[PDB]
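Protein chains in written order, with the numbering used here: chain E, 55 to 1699; chain S, 11 to 64.
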């Protein structure tokens, strides 16, 4: 029941790419890195929990051992997808050439096929790419580029698709898989054994499950079973034997064609690599059981193999494998030493061990003797240990002659000691063994240059520690062994290697053993304590390392402090000046003890050793008196810095001792601060350290002042003249400043303000002057890196300062100028990094990392109350980078190009993890720095940016970086997303990348993070694609579309199963591909429509009305945003369907899942302002200096919805953490409040987005529902929209920041949809409910037609107008509608009319006036007001509408242009006069006289008046005259016509020109003109009978009319000659024009 | 065959906001309905007054 189904997926899934094989490379990466997301991912978690994987990792040979499994291979390869032929052929060829099982070859070939794209991308650049990177570099200056013999990319691809290169890649993948499998098992071992505590919960569960299942190692038992874990050592030792055999013989069945120099080197390196990793596994297995022995048979076999291979030296003879030789030699020597465990060996034989088997003893002796006689140095430690063992054995038997006896007598060592003494002497002579031990320790240490990980390093150091332990007593105190042990413990570390990280308790044994076991503590620890200060190195390095190694150990946290404050012994050289201050005791001659007779004042409160103190002259003197050595060292440093000599004092500190002292002080201060800020530690520990260091010194000067004066004195001169020792002293002083920065920033900043190193206005700057072509070797690179890191920490402390007192003696100006000058210096360093000659690329890597990180922080806080604190430095940097001159641009970009090249040219390695981590760190830092710079350039508005082109040209390197390492995937695509986003506001991409390069990058990107299925990587790549579509990269998108489409569709098949975070991004990209590229996707959409529509229905009908009540209360934002995206997706497709005319059914089906949006979509109900208000209250009352709005993000980056959105939690975390209680207890406090508030506003933003998405959606749906049928659905729709507007327009209570658009779009949607239905004529008669509330809404606004709210007022009045229209289309009578309509129309018309007149007294205003008139008529036409005419008249009389209208129609005239205002005024009056009551009031107000005395009438009197006249004046005059008088004439004659007939006749006779002209051209609104004129004349003719005084003469020649109209009566064709309507003609205007003609003809007959 | 025709009549502009033009057309239709209704309303009132004396 242990199958390979999980270890390797089915063939079709492998080839299609649906599922990626979990190769050993990715497993080894995830294990070495211990990445939580990776290891705990479903795929890799299941892979690790597979019993079959367990079995093979237990038996490593099975992976590549040659067994006859034709059956399996044929069954897996058969019956599936074309292409299986080549895969099967290559697999069989590999199985036969390498002589392995067929399944292994098959999976190797599948790995190669899947990584085809990576392999093509990693190959060297082509000619086009080379030219692009050259153009990016520039002409002005050492790029160290690749040769130009590279062929064109086309030829490279055509060679890549051949069989030879495919087979070479398959062999490379096989070798890489060997290496990676061994490395993965090693990493798994050390992850199970010595994982650090505090590990994540799921990761700890995975570790425990692995242990229990694969090893029966259940921690749930007091003593778990370790058998299956100890079984590893011998299996992997046999494997190492097999590997050393392989390294000497190449595959036989392979052809010499494949056997090339490169392949031979690859094979040998692979063998050495798997040997190293197997040895690491074995050493861990043997390290688990520290105190017990190992079996003697295994030791015999191992040492026999050693003798045969000279401890792996037979394969490490070549030079190209030295990088793998030093590590392997260290590890094999250490595992031999381990097997011996001399401590317990020599403990046993004086008090089954391998000593009881003379066979094993003979094996060990012959192996050691051969390795010694040969003469290689890697065997010296083992030989020395064995020599000591044999020495003790010799003593043991010599004390018996008065099984190991058999061995001693076989080797004739019974009665002579010189055979072993010779080996011992040669091992210890000249410190050879000690020097190689130091080297092994360096490669096995915690530094970044170590070959193995830190943990393996600590255990490997333990073995050598035990060797030195038991050898200490028999060899006197010497420089070689003490320095060897110092190198063992320190491992060449520095101040920056200090940290409070909690590692496995087992891993600090190498350090605690110094104070736990007796031998070491007594012989070396106490000895160095005794020799200090005479020997400064022994004690200095010890304290420096232990203070850092005991940071987290609480029991031993006080030993360093007690030694420094309370040292029992002291040792110093004797100055003749003290010859008169002592006297011998005369007890023993050799003891040479003595006693002081005076007060010896060293440096002659001061440092004095009192009188009568004991001492001894060993060769120098030692006094055993209790005192504080810390104050002593502080005073010595003070003295040597002041250059004050003291003849009667002790010897001064030399340059080397000075540097070491400063370094130790800095390190101890850092450690004290670190464990003081830790929970429970005395917070005043660093201050007490500073005080005790300032004790017995000048009253007001402190150790900090000592360091300051030292720096000043040594920077007096320039840097290049200073020698190595002084440069190291300066580096130590900078490290001390960095250490002190945490506890006393004020002092450090106050000093930096006037430091010469930093550039200033007074002097240019010494640090700025050491730029050039000098070599950055250790002496100077230490100083440089220390300065850069101090500057970075300074920037950090400046950005993390929200506000006896830490910040004393400094001010805003100090911070600002220091930051500006620090930025200048960092820029100078970043520039000079190009030409400098570093000791190695790792130093360059570290330096570039640090400086780029500093500048990146500066850019980050560039991004506003306390931004000014460091804004000038950020401005300087961004200006230097975004708009520099050409030479400047090239020299500023060169480091980035070099970084990319180094990134993807450096080969991948399973060892030296520190180097790889630092290189990846600098890579990611430069990528994120470029990204932030592009964001800043896009935001601030600088368009011409050179970095743009430099990156577009370097895309050749960016697209290939992900192929070299997967960790670069995320930052690379963030940077490229930004690169195309800043440019979208067009550039070419393939022109730089290339056809083949772009296609390979496409395929590598395809199937986002398929092995691990992570969220962040997925999100980044999908947002990358979406932005790619949104910045109009029209070509690359079109190319990549052709199975990423199917990938997205399959991702969306089960949205409920996948996370919401994943979904929002994927569907954002789907929207971005649909909106911008509709035709390509709509076909594919048709293809997947059934499935996709199903899923969308589900998600949209989930309709969680109360998100916050349901479990997903904080996940409401992602829910709302994905809902909005679904809406935006379906909307545009249904609109295209409308255009396609096949929507009648699709809309009817879609309308059934809109309930979610109906309930709370248009409404933005859920804001809960109260919470934001209380948050503001708290932050404001607790912090007077800073206010709530000071944390508003500036949209510097593309604002990301998530844990932090409106408020920048990222920076608050560090700024507001300085104060206690911010975090609180049990996740209660202000941080929680900010999180909840920014989430509420996140979903509020998504809510506004949904408002817009639904504004889109509903419209084309309503338009697709125009057909008569299914009236219930559209009734529901209009009902719901009026409801949403009703409850949203009022009590909105929003922020008045982004609400401006809502206020208008709401009314827009309302009026649009209501008019759409009005066109359908299917609205109900009862609209009074909404009418009352809309009147209330119009009354709510505070200023009518205010400048700010004018658009809103216009739209609301339009809504009221259309609602009145709909209302009067009803039969209320065969709360009442009448009174409501009356009151609302009264108020609105009166107020608006008179206020508009007021302002327009002296364009928007007359347009709104026309609308007001329209509203007046629309409400007058209501069936229910004809019976209340009296009330309309009453309230139109209360307000003097009549008078103001009559006043302003004659607004402005000249006296013997066009009347617009007059037109509208008399239109208003006519519509008031529509019914006879107001008409009678106008008739009784002498309106006729008022308009006749006005000069608009004078203009009407002239002869140029015409319907289609030449000037707008005359046309306006025709229209106004006709409208204003003629219908008004008949309306007023309706009431008491007999009385006012005189006035109508007089106004008609006053202007005869129009009367004549009209009838002449009748011999088109002239129709209604003559209609009204004929009616008026015909009625007044009859009225004329009673009185001749009234209507004296008609003066109308209507005789022509009965002939004119009759000529156009019967001509259908003739009738459409001179008809031109101002309004749209559209079934014909004829239909009604001829109707008017008919109406007029009859009456006058 | 329909996809090819739609491609042949494809406007080279943003296809997302093609309904904003329709919303503006709906505003123009609002204006047209205003004109229609007011015109016909007081024309019908004039016809009423015409039949009254007639």
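We put the beta carbon where it would ideally sit given N, CA and C, even for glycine.
* **Per-residue contacts from residue 55(S) into chain E (C-beta, under 7 Å)** => Within chain E, the residues near residue 55(S) are 1528.
* According to DSSP, is residue 681(E) helix, strand or coil? -> strand
* So which residues of chain S does residue 1189(E) contact, with C-beta pairs closer than 9 Å? -> The contacting residues are 28, 29, 32.
* Asked: Hey, out of 1215(E), 883(E), 561(E), 920(E), whose CA is closest to residue 908(E)'s CA?
  -> If we check each option's Cα against that of residue 908(E), 883(E) comes out closest.
* Residues bridged to residue 291(E) (per DSSP) -> Note: residue 291(E) sits in no beta bridge, so no partner.
* **Distance, residue 1588(E) Cα to residue 1699(E) Cα** => Put simply, the backbone Cα of residue 1699(E) is about 22 Å away from that of residue 1588(E).
* Return the residues of the segment 1556–1586 of chain E that lie within a Cβ-Cβ distance of less than 9 Å from chain S, sorted by chain order. => Taking 9 Å as the Cβ-Cβ cut-off against chain S, the residues of the segment 1556–1586 of chain E that qualify are 1581, 1584, 1585.
* Asked: Since residue 636(E) is in the beta strand (DSSP E), which residue starts that stretch and which ends it?
  -> Run containing residue 636(E): 636–638, per the beta strand (DSSP E) assignment.
* Could you check how far apart the C-beta atoms of residue 975(E) and residue 903(E) are, in whole angstroms? I think they sit under 8 Å. => 5 Å
* Give the single residue among 917(E), 1056(E), 1053(E), 939(E) whose Cα lies nearest to the Cα of residue 987(E). => Answer by Cα proximity: 917(E).
* Between the C-alpha atoms of residue 1475(E) and residue 51(S), what's the straight-line distance to the nearest angstrom? -> 7 Å
* Establish whether the CB of residue 18(S) and some CB of chain E are separated by less than 8 Å. => For residue 18(S), no Cβ of chain E is located within less than 8 Å of the residue's own Cβ.
* Between the C-alpha atoms of residue 1229(E) and residue 23(S), what's the straight-line distance to the nearest angstrom? -> 46 Å
* Quick one: what's residue 648(E) bridged to in DSSP? -> 638(E), 669(E)
* In angstroms, rounded to a whole number, what distance separates the CA positions of residue 720(E) and residue 870(E)? -> 26 Å
* Roughly how many angstroms lie between the CA atoms of residue 506(E) and residue 227(E), to the nearest whole one? -> 23 Å
* Among the residues of its own chain, which have a CB less than 7 Å from the CB of residue 1099(E), if the five just before and after it don't count? -> 1138
* Asked: Does the segment 304–317 of chain E come close enough to the segment 369–379 of chain E that 3 or more CB-CB pairs lie under 8 Å?
  -> no
* Output yes if chain S places a C-beta closer than 8 Å to the C-beta of residue 1475(E); else output no. => yes
* Asked: Just the Cα atoms here: how many angstroms apart are residue 1155(E) and residue 1256(E)?
  -> 24 Å
* To do: Examine chain B for any beta-carbon lying closer than 8 Å to the beta-carbon of residue 48(S), and answer yes or no.
  => The chain labelled as chain B is not found among the protein chains of the depicted structure, namely E and S.
* Going along the chain, which unbroken runs of the alpha helix (DSSP H) with 4 or more residues stay wholly within the segment 1622–1696 of chain E? -> 1653–1661
* With 16 other CB atoms within 10 Å as the buried threshold, where does residue 1133(E) fall? -> exposed
* Just the chain E side, please: which residues come within less than 7 Å of residue 15(S) by C-beta, in chain order? => Result: empty, since nearest Cβ-Cβ is about 10 Å, beyond 7 Å.
* Under 7 Å (Cβ pairs) to chain S, residues found in the segment 1661–1678 of chain E -> 1677, 1678
* Asked: Whose C-alpha, out of 1632(E), 942(E), 1644(E), 1670(E), is nearest the C-alpha of residue 63(S)?
  -> 1632(E)
* Which residues of chain E have a Cβ atom closer than 7 Å to the Cβ of residue 25(S), listed in chain order? -> 1129, 1132
* From residue 1102(E) to residue 1053(E), what distance separates their C-alpha atoms? -> Computed Cα separation, rounded: 19 Å.
* Asked: Hey, does residue 1373(E) have any beta-carbon neighbour from chain S nearer than 8 Å?
  -> yes
* If we call anything under 8 Å between Cβ atoms a contact, is residue 1210(E) one with residue 1177(E)? -> yes
* To do: For residue 1525(E), return the contacting residues in chain S, with the cut-off set at a CB-CB distance below 8 Å.
  => 52
* State whether the segment 490–506 of chain E contacts the segment 449–457 of chain E, with contact taken as three or more CB pairs (one from each stretch) at a distance under 8 Å. => By the criterion of at least three beta-carbon pairs nearer than 8 Å, the segment 490–506 of chain E is not in contact with the segment 449–457 of chain E.
* With residue 610(E) and residue 566(E) assumed to form a contact (beta carbons below 8 Å), what rounded beta-carbon distance in angstroms separates them? -> 7 Å
* Whole-angstrom distance between residue 642(E) and residue 795(E), CA atom to CA atom -> Those two C-alpha atoms are separated by around 53 Å.
* Asked: Of all Cβ atoms in chain S, is any one closer than 8 Å to the Cβ of residue 1693(E)?
  -> yes
* Distance between residue 1519(E) and residue 46(S) (C-alpha atoms, nearest Å) -> Taking the straight line from one Cα to the other gives about 20 Å.
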